[PDB]
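Structure data (compact mmCIF, C-alpha atoms and all ligand atoms) from my_file-v3.txt:
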# COMPACT_ATOMS: atom_id res chain seq x y z
CA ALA O 5 90.76 96.60 45.45
CA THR O 6 87.60 97.41 43.42
CA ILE O 7 84.45 98.77 45.04
CA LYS O 8 82.10 95.86 44.27
CA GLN O 9 78.38 95.52 43.61
CA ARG O 10 76.27 94.22 46.55
CA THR O 11 73.22 92.06 46.89
CA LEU O 12 71.47 90.39 49.83
CA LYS O 13 73.15 87.36 51.48
CA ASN O 14 69.79 85.81 52.60
CA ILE O 15 66.14 86.36 51.74
CA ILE O 16 64.14 88.76 54.00
CA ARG O 17 60.37 88.45 54.68
CA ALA O 18 58.09 91.05 56.27
CA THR O 19 54.39 91.69 56.62
CA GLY O 20 52.63 95.02 56.99
CA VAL O 21 50.16 97.51 55.65
CA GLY O 22 50.17 100.15 52.92
CA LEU O 23 50.18 103.72 54.25
CA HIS O 24 47.87 104.97 51.54
CA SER O 25 45.82 101.86 50.61
CA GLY O 26 45.57 100.33 54.07
CA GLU O 27 46.01 96.91 52.38
CA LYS O 28 47.77 93.99 54.06
CA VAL O 29 50.95 93.19 52.12
CA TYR O 30 53.58 90.46 52.25
CA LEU O 31 57.13 91.57 51.34
CA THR O 32 60.04 89.30 50.29
CA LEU O 33 63.49 90.70 49.45
CA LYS O 34 65.68 88.37 47.36
CA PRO O 35 69.28 88.45 46.10
CA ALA O 36 69.74 89.23 42.42
CA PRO O 37 72.55 88.98 39.82
CA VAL O 38 75.06 91.71 38.93
CA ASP O 39 73.54 94.67 36.98
CA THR O 40 69.90 93.76 37.85
CA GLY O 41 69.21 96.91 39.88
CA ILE O 42 66.22 96.94 42.25
CA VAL O 43 63.18 95.36 40.61
CA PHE O 44 59.67 95.32 42.12
CA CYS O 45 57.63 92.15 41.43
CA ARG O 46 53.86 92.00 41.95
CA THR O 47 53.52 88.25 42.84
CA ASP O 48 49.73 88.53 43.37
CA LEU O 49 49.27 88.81 39.58
CA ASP O 50 49.46 86.00 37.04
CA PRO O 51 51.73 86.51 35.16
CA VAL O 52 53.95 88.29 37.75
CA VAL O 53 54.51 91.93 36.72
CA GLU O 54 58.04 93.24 37.27
CA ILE O 55 58.84 96.97 37.37
CA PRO O 56 62.47 98.12 37.59
CA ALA O 57 62.94 100.91 40.18
CA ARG O 58 64.05 103.46 37.60
CA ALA O 59 63.10 107.10 36.96
CA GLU O 60 61.47 106.25 33.61
CA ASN O 61 58.88 104.02 35.36
CA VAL O 62 57.61 106.65 37.83
CA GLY O 63 53.94 107.50 37.31
CA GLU O 64 52.23 109.38 40.16
CA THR O 65 54.25 111.50 42.63
CA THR O 66 51.34 113.03 44.56
CA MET O 67 51.86 111.94 48.19
CA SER O 68 54.32 109.07 47.50
CA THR O 69 56.55 107.84 44.63
CA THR O 70 54.64 105.31 42.52
CA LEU O 71 56.05 103.00 39.81
CA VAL O 72 53.72 102.14 36.88
CA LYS O 73 53.79 99.60 34.04
CA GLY O 74 50.56 99.69 32.00
CA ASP O 75 47.73 99.62 34.53
CA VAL O 76 49.86 97.93 37.27
CA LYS O 77 51.35 100.12 40.03
CA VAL O 78 53.74 99.76 43.01
CA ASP O 79 53.08 102.60 45.45
CA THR O 80 55.28 104.20 48.12
CA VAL O 81 58.67 102.82 47.10
CA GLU O 82 60.74 105.62 48.63
CA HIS O 83 61.36 104.38 52.19
CA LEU O 84 62.51 100.91 51.11
CA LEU O 85 64.65 102.41 48.33
CA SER O 86 66.22 104.80 50.84
CA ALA O 87 67.24 101.78 52.93
CA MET O 88 68.71 100.05 49.83
CA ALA O 89 70.63 103.20 48.89
CA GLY O 90 71.90 103.85 52.41
CA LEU O 91 73.26 100.29 52.74
CA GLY O 92 74.72 100.20 49.22
CA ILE O 93 72.54 97.40 47.78
CA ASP O 94 72.80 97.44 43.96
CA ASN O 95 70.78 94.34 43.09
CA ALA O 96 67.60 92.86 44.55
CA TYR O 97 64.12 91.59 43.68
CA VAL O 98 61.41 93.04 45.89
CA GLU O 99 58.36 90.78 45.83
CA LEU O 100 55.06 92.30 46.96
CA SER O 101 51.64 90.64 47.36
CA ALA O 102 49.81 93.95 46.83
CA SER O 103 50.21 97.33 45.11
CA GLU O 104 51.97 99.21 48.03
CA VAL O 105 55.18 98.61 49.99
CA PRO O 106 54.38 98.15 53.71
CA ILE O 107 54.82 101.28 55.76
CA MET O 108 56.25 99.44 58.89
CA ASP O 109 56.94 102.18 61.54
CA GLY O 110 56.99 105.01 58.93
CA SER O 111 60.82 105.15 58.67
CA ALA O 112 63.54 103.09 57.02
CA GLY O 113 64.64 101.64 60.44
CA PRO O 114 62.83 98.28 60.19
CA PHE O 115 64.11 97.77 56.63
CA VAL O 116 67.74 98.49 57.52
CA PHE O 117 67.44 96.13 60.54
CA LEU O 118 65.91 93.29 58.48
CA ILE O 119 68.49 93.72 55.69
CA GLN O 120 71.46 94.00 58.05
CA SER O 121 70.22 90.89 59.97
CA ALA O 122 70.17 88.94 56.69
CA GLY O 123 73.60 90.31 55.70
CA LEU O 124 74.94 91.54 52.35
CA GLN O 125 76.95 89.68 49.70
CA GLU O 126 79.67 91.45 47.65
CA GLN O 127 79.55 90.42 44.01
CA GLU O 128 82.24 89.94 41.32
CA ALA O 129 81.74 93.17 39.33
CA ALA O 130 82.60 96.79 39.81
CA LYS O 131 79.99 99.07 41.43
CA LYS O 132 78.94 101.86 39.02
CA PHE O 133 78.35 105.38 40.30
CA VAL O 134 76.74 108.37 38.60
CA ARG O 135 79.08 111.36 39.14
CA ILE O 136 77.59 114.86 38.86
CA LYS O 137 79.89 117.10 36.79
CA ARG O 138 77.66 120.21 36.21
CA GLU O 139 75.01 121.93 38.30
CA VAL O 140 71.49 120.76 37.31
CA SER O 141 68.50 122.70 38.81
CA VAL O 142 64.71 122.32 38.43
CA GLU O 143 62.28 124.86 39.88
CA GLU O 144 58.50 125.23 39.97
CA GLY O 145 57.38 128.44 41.60
CA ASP O 146 59.08 128.64 45.01
CA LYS O 147 60.19 124.96 45.09
CA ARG O 148 63.71 123.99 43.93
CA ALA O 149 65.76 120.80 43.64
CA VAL O 150 69.41 120.88 42.60
CA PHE O 151 72.38 118.61 41.95
CA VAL O 152 75.88 120.16 42.47
CA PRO O 153 79.33 118.56 41.87
CA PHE O 154 80.77 117.23 45.11
CA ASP O 155 83.49 114.69 45.85
CA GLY O 156 81.36 112.43 48.01
CA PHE O 157 77.63 112.15 48.73
CA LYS O 158 75.77 114.85 50.66
CA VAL O 159 72.11 115.87 50.97
CA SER O 160 70.81 119.24 52.22
CA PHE O 161 67.19 120.16 52.78
CA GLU O 162 65.34 123.29 53.90
CA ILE O 163 61.61 123.37 54.68
CA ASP O 164 59.56 126.45 55.51
CA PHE O 165 56.37 125.11 57.10
CA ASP O 166 54.19 127.81 58.68
CA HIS O 167 53.36 125.67 61.73
CA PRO O 168 53.75 125.99 65.56
CA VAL O 169 55.43 122.55 65.94
CA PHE O 170 58.66 124.06 64.43
CA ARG O 171 59.05 126.58 67.32
CA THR O 174 62.84 127.37 59.65
CA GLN O 175 63.93 123.72 59.39
CA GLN O 176 67.22 122.85 57.71
CA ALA O 177 69.74 119.97 57.75
CA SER O 178 72.77 118.88 55.77
CA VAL O 179 74.23 115.36 55.99
CA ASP O 180 77.51 114.20 54.48
CA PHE O 181 77.32 110.40 54.06
CA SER O 182 80.87 110.22 52.78
CA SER O 183 81.40 110.55 56.62
CA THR O 184 78.16 110.36 58.78
CA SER O 185 76.13 107.09 58.08
CA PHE O 186 72.60 106.72 56.91
CA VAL O 187 71.62 104.28 59.68
CA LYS O 188 72.35 106.57 62.60
CA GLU O 189 71.57 109.99 61.12
CA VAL O 190 68.46 109.40 58.98
CA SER O 191 67.05 105.84 58.88
CA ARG O 192 64.80 106.17 61.95
CA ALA O 193 63.06 109.40 60.79
CA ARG O 194 59.34 108.70 60.44
CA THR O 195 56.90 110.04 57.89
CA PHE O 196 54.36 112.54 59.10
CA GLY O 197 50.88 113.89 58.40
CA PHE O 198 48.75 116.84 59.53
CA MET O 199 45.27 116.13 60.96
CA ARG O 200 43.78 119.01 58.91
CA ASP O 201 44.44 116.97 55.73
CA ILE O 202 43.43 113.42 56.85
CA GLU O 203 39.66 113.49 56.21
CA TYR O 204 40.38 115.00 52.80
CA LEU O 205 43.13 112.47 52.08
CA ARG O 206 41.01 109.48 53.30
CA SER O 207 38.13 110.64 50.98
CA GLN O 208 40.59 110.31 48.07
CA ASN O 209 41.68 106.82 49.28
CA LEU O 210 44.97 108.12 50.67
CA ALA O 211 46.43 107.71 54.19
CA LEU O 212 43.99 104.82 54.82
CA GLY O 213 46.68 102.87 56.68
CA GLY O 214 48.02 105.93 58.59
CA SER O 215 48.10 105.96 62.41
CA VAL O 216 50.26 107.04 65.34
CA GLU O 217 51.89 103.58 65.06
CA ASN O 218 53.41 104.39 61.62
CA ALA O 219 53.54 108.19 61.42
CA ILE O 220 54.13 111.39 63.35
CA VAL O 221 50.60 112.84 63.50
CA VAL O 222 50.46 116.64 63.89
CA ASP O 223 47.43 118.70 64.88
CA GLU O 224 47.06 122.49 64.87
CA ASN O 225 49.81 122.98 67.47
CA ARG O 226 51.49 119.76 68.58
CA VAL O 227 52.68 116.22 67.88
CA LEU O 228 49.85 113.86 69.02
CA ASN O 229 52.17 110.83 69.38
CA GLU O 230 52.24 110.15 73.15
CA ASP O 231 55.98 109.30 73.16
CA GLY O 232 57.08 112.25 70.99
CA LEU O 233 59.95 112.59 68.49
CA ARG O 234 62.95 110.36 67.79
CA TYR O 235 65.01 113.41 66.79
CA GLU O 236 64.54 117.14 67.38
CA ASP O 237 64.58 117.67 63.61
CA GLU O 238 62.79 114.41 62.66
CA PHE O 239 60.65 116.18 60.03
CA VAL O 240 63.49 117.48 57.91
CA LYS O 241 65.48 114.26 58.44
CA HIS O 242 62.50 112.44 56.90
CA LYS O 243 62.60 114.82 53.87
CA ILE O 244 66.24 113.75 53.46
CA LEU O 245 65.32 110.04 53.80
CA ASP O 246 62.68 110.53 51.03
CA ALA O 247 65.10 112.37 48.74
CA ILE O 248 67.73 109.57 49.11
CA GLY O 249 65.13 107.00 48.07
CA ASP O 250 63.72 109.05 45.17
CA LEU O 251 67.31 109.69 44.03
CA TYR O 252 68.06 105.95 43.96
CA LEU O 253 65.62 105.74 41.02
CA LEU O 254 68.68 106.81 39.05
CA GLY O 255 69.62 103.07 39.44
CA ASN O 256 73.18 103.73 40.74
CA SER O 257 74.66 105.49 43.76
CA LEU O 258 75.48 109.20 43.29
CA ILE O 259 78.71 111.09 43.67
CA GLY O 260 77.47 114.65 44.18
CA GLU O 261 75.36 116.86 46.38
CA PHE O 262 71.58 117.24 46.42
CA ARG O 263 69.94 120.38 47.80
CA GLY O 264 66.14 120.50 48.26
CA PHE O 265 64.11 123.68 48.90
CA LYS O 266 60.45 122.82 49.71
CA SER O 267 60.85 119.97 47.21
CA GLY O 268 58.98 116.65 47.21
CA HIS O 269 58.54 113.51 45.10
CA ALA O 270 57.33 115.17 41.87
CA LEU O 271 60.21 117.70 41.75
CA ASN O 272 62.71 115.03 42.78
CA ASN O 273 61.66 112.96 39.80
CA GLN O 274 61.74 116.04 37.51
CA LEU O 275 65.33 116.61 38.67
CA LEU O 276 66.34 113.05 37.74
CA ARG O 277 64.71 113.23 34.30
CA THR O 278 66.44 116.55 33.59
CA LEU O 279 69.77 115.10 34.80
CA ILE O 280 69.43 111.98 32.67
CA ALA O 281 68.60 114.12 29.59
CA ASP O 282 71.69 116.34 30.10
CA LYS O 283 74.48 113.90 29.43
CA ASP O 284 77.05 116.74 29.74
CA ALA O 285 76.10 116.92 33.46
CA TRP O 286 77.07 113.35 34.51
CA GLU O 287 79.17 110.27 33.80
CA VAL O 288 79.28 106.68 35.02
CA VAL O 289 82.45 105.84 37.01
CA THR O 290 83.96 102.90 38.89
CA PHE O 291 86.74 102.74 41.57
CA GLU O 292 89.55 100.19 41.18
CA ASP O 293 90.96 101.26 44.55
CA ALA O 294 88.60 101.70 47.50
CA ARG O 295 91.39 103.67 49.28
CA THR O 296 91.19 106.58 46.81
CA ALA O 297 87.38 106.62 46.40
CA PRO O 298 85.37 109.58 47.82
CA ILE O 299 82.77 107.36 49.53
CA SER O 300 82.88 104.15 51.61
CA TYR O 301 80.42 101.54 52.77
CA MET O 302 79.99 99.53 55.95
CA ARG O 303 81.34 96.00 56.13
CA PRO O 304 78.82 93.70 54.37
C1 LIG M 401 53.57 114.16 51.47
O1 LIG M 401 54.02 114.01 52.79
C2 LIG M 401 55.08 113.10 52.97
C3 LIG M 401 54.65 111.66 52.74
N1 LIG M 401 53.83 111.18 53.80
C4 LIG M 401 52.49 111.11 53.63
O2 LIG M 401 51.94 111.43 52.60
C5 LIG M 401 51.65 110.85 54.80
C6 LIG M 401 52.16 110.33 55.96
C7 LIG M 401 51.32 110.07 57.02
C8 LIG M 401 49.99 110.33 56.96
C9 LIG M 401 49.16 110.06 58.06
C10 LIG M 401 48.44 109.82 58.97
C11 LIG M 401 47.60 109.59 60.04
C12 LIG M 401 46.82 109.35 60.90
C13 LIG M 401 45.92 109.09 62.00
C14 LIG M 401 44.53 109.49 61.65
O3 LIG M 401 44.02 108.51 60.77
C15 LIG M 401 49.50 110.87 55.81
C16 LIG M 401 50.32 111.11 54.74
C17 LIG M 401 55.84 110.75 52.70
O4 LIG M 401 56.56 110.55 53.65
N2 LIG M 401 56.04 110.24 51.47
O5 LIG M 401 57.16 109.44 51.29
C18 LIG M 401 56.37 113.44 52.22
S1 LIG M 401 56.92 114.41 53.54
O6 LIG M 401 56.47 115.74 53.44
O7 LIG M 401 58.24 114.16 53.97
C19 LIG M 401 55.78 113.33 54.29
MG MG M 402 58.44 109.59 53.16
Can you dump the structure from the file as structure tokens?
Amino acid sequence: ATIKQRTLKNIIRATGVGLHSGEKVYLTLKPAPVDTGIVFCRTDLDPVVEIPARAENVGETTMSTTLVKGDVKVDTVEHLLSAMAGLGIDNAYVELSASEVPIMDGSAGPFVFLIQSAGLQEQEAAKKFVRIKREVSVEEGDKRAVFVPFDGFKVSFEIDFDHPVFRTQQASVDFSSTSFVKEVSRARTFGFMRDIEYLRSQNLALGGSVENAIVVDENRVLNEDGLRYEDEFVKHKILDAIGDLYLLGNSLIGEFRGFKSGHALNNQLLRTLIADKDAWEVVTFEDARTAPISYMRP
């Protein structure tokens, strides 16, 4: 039968702090009707300001992916969106009491746990996918982000950081067969000490600590208990790309390859894709058995 749209089965509540703002924030995830998409709702404002998590609403892409509507922003959406994408949630309202999603432990792990504890609900409408049919590339200097046709969903990333902690970093994950939860969800964000005074002077990384980030000095990881994966850095790049890519508003059938890319170039890739309507089409699957991707039991 049809691959169906999914929402949350129960409401999820969490409390935390913004990575960049350091502000205390209350998060509530709620079920939503078919074809809603993921919508962020600033419930601290009167009237409540609602910003769909779509490429067209992205404003800043400096350190994190920020959604903007007028002078209202929702910062650092990428880790929560990665969790939504990885678990195949189409529709949800994300209520926030402040301008930034809580950082939690720096990864998507707490979000996938909270969501999977609440359970998902399959809905009575076909899931829509955006299928890549032509190569679409954006470049800026030595950075590159590309979509390639691929019968499934796969993300590759290569980073060239000149830094002792890497002993070149590259990974490729095929989710049409390897699972977001186990391969990527637990990969934490990271920051270099050389940047933190500068960042904090610009009101960035104000909530950052060893509790919610891999902190790297000149030569080593400062976190007492070390890394969750040997290649945690590049796995986090992949986590970020999955989230930024979900700003398309539908799951992808295709391959993403990133080369020193980040939030700004990821968003540029989506905008270029959306503009080139020869490069993609919207599809559904009336038989899950012949589809190129699958999802975990809800
Ligand atoms: C821009 O850097 C990335 C970004 N993370 C951050 O900007 C970022 C993450 C953590 C910190 C920190 C810290 C700290 C500390 C202790 C001293 O106060 C500072 C910045 C992030 O994960 N955005 O989603 C994208 S990435 O290269 O994969 C990591
Ligand atoms: Mg990140």
Mind dumping a table of every segment 44-92 of chain O residue within 12 Å of segment 122-142 of chain O, with the nearest atom pair and its distance in Å to one decimal, using all atoms listed in the file, sorted by chain and rising number, as a Markdown table?
| residue | atom | partner | partner_atom | distance |
| --- | --- | --- | --- | --- |
| O:88 | CA | O:124 | CA | 10.8 |
| O:89 | CA | O:133 | CA | 11.8 |
| O:91 | CA | O:124 | CA | 8.9 |
| O:92 | CA | O:124 | CA | 9.2 |
### Task
May I ask you to write as number ranges by chain all residues lying at most 6 Å from ligand LIG 401 (chain M), with only C-alpha atoms and all ligand atoms counted?
O: 67-68, 82, 195-197, 211, 214-216, 219, 221, 242-243, 246
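One distance worth recording is that between atom CA of residue 261 of chain O and atom CA of residue 194 of chain O, which is 22.8 Å.
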### Query
Which residues form the shell of 12 Å around ligand MG 402 (chain M) when you count only C-alpha atoms and all ligand atoms, given as JSON, numbers by chain?
{"O": [23, 24, 65, 66, 67, 68, 69, 79, 80, 81, 82, 83, 84, 85, 86, 87, 105, 107, 108, 109, 110, 111, 112, 190, 191, 192, 193, 194, 195, 196, 197, 218, 219, 220, 238, 239, 240, 241, 242, 243, 244, 245, 246, 247, 248, 249, 250, 268, 269]}
Take the residues from that selection and write them out as a compact mmCIF listing (two decimals), keeping the file's coordinate frame, keeping C-alpha atoms.
# COMPACT_ATOMS: atom_id res chain seq x y z
CA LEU O 23 50.18 103.72 54.25
CA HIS O 24 47.87 104.97 51.54
CA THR O 65 54.25 111.50 42.63
CA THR O 66 51.34 113.03 44.56
CA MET O 67 51.86 111.94 48.19
CA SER O 68 54.32 109.07 47.50
CA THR O 69 56.55 107.84 44.63
CA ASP O 79 53.08 102.60 45.45
CA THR O 80 55.28 104.20 48.12
CA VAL O 81 58.67 102.82 47.10
CA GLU O 82 60.74 105.62 48.63
CA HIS O 83 61.36 104.38 52.19
CA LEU O 84 62.51 100.91 51.11
CA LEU O 85 64.65 102.41 48.33
CA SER O 86 66.22 104.80 50.84
CA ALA O 87 67.24 101.78 52.93
CA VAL O 105 55.18 98.61 49.99
CA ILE O 107 54.82 101.28 55.76
CA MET O 108 56.25 99.44 58.89
CA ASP O 109 56.94 102.18 61.54
CA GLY O 110 56.99 105.01 58.93
CA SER O 111 60.82 105.15 58.67
CA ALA O 112 63.54 103.09 57.02
CA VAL O 190 68.46 109.40 58.98
CA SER O 191 67.05 105.84 58.88
CA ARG O 192 64.80 106.17 61.95
CA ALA O 193 63.06 109.40 60.79
CA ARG O 194 59.34 108.70 60.44
CA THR O 195 56.90 110.04 57.89
CA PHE O 196 54.36 112.54 59.10
CA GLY O 197 50.88 113.89 58.40
CA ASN O 218 53.41 104.39 61.62
CA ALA O 219 53.54 108.19 61.42
CA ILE O 220 54.13 111.39 63.35
CA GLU O 238 62.79 114.41 62.66
CA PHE O 239 60.65 116.18 60.03
CA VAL O 240 63.49 117.48 57.91
CA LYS O 241 65.48 114.26 58.44
CA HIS O 242 62.50 112.44 56.90
CA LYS O 243 62.60 114.82 53.87
CA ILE O 244 66.24 113.75 53.46
CA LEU O 245 65.32 110.04 53.80
CA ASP O 246 62.68 110.53 51.03
CA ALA O 247 65.10 112.37 48.74
CA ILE O 248 67.73 109.57 49.11
CA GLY O 249 65.13 107.00 48.07
CA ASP O 250 63.72 109.05 45.17
CA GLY O 268 58.98 116.65 47.21
CA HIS O 269 58.54 113.51 45.10
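Reported to one decimal place, the separation of atom CA of residue 287 of chain O from atom CA of residue 253 of chain O is 16.0 Å.
What separates atom CA of residue 208 of chain O from atom CA of residue 20 of chain O is a distance of 21.4 Å.
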Which polymer residues have any atom within 10 Å of an atom of residue 149 of chain O, counting only C-alpha atoms, with same-chain residues fewer than 2 positions away left out, as a compact mmCIF listing (two decimals) with C-alpha atoms, keeping the file's coordinate frame?
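Written output follows (selection_38.txt):
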# COMPACT_ATOMS: atom_id res chain seq x y z
CA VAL O 140 71.49 120.76 37.31
CA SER O 141 68.50 122.70 38.81
CA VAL O 142 64.71 122.32 38.43
CA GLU O 143 62.28 124.86 39.88
CA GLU O 144 58.50 125.23 39.97
CA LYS O 147 60.19 124.96 45.09
CA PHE O 151 72.38 118.61 41.95
CA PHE O 161 67.19 120.16 52.78
CA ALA O 247 65.10 112.37 48.74
CA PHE O 262 71.58 117.24 46.42
CA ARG O 263 69.94 120.38 47.80
CA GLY O 264 66.14 120.50 48.26
CA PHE O 265 64.11 123.68 48.90
CA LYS O 266 60.45 122.82 49.71
CA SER O 267 60.85 119.97 47.21
CA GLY O 268 58.98 116.65 47.21
CA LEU O 271 60.21 117.70 41.75
CA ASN O 272 62.71 115.03 42.78
CA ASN O 273 61.66 112.96 39.80
CA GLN O 274 61.74 116.04 37.51
CA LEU O 275 65.33 116.61 38.67
CA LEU O 276 66.34 113.05 37.74
